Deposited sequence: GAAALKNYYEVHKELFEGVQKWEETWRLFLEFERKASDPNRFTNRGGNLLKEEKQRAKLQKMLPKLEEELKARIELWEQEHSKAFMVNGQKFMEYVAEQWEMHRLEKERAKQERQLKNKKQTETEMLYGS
């Protein structure tokens, strides 16, 4: 049965792909709660977010290891719906960062003007 198991190595990468996607989605969910302005389950949410923070690097290093080996064996790039998986992962991390910054910038701008409005117009 060993030839079949060899051709399913491509499928093994995909279970890790799915687990990365699930864990990343969870991370986002505890990052939204962490950053939003009406957050003020605190220890739960922080503890749960911290666990996800720890796990993502470890999933990612494992997946890169398994992909590089696979690519070397098969002389092919490991592609996920049109993209090399670890590049897609990098891009998710940057989109998130930019989105967190864009959100911090908009709230700061909203804070600034609201202070200005209260100085002039507050009762």
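Missing from the model, by position in the deposited sequence, are residues 1-2, 43-47.
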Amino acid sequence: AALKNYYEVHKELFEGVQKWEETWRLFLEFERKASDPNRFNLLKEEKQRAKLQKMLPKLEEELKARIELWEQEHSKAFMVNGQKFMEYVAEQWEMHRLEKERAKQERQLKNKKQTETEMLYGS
From here on, numbers count along this sequence of modelled residues.
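Judged by mean Cα B factor in the deposited record, 27-35 ranks above the other of 87-95 and 27-35. Stretch comparison (16-24 versus 111-119) by mean CA B-factor in the PDB entry places 111-119 on top.
Going by the entry's values, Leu42 shows the largest Cα B-factor out of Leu59, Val80, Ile67, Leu42. When the CA B factors of the chain's modelled residues are split into thirds, the value for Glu46 lands in the highest one.
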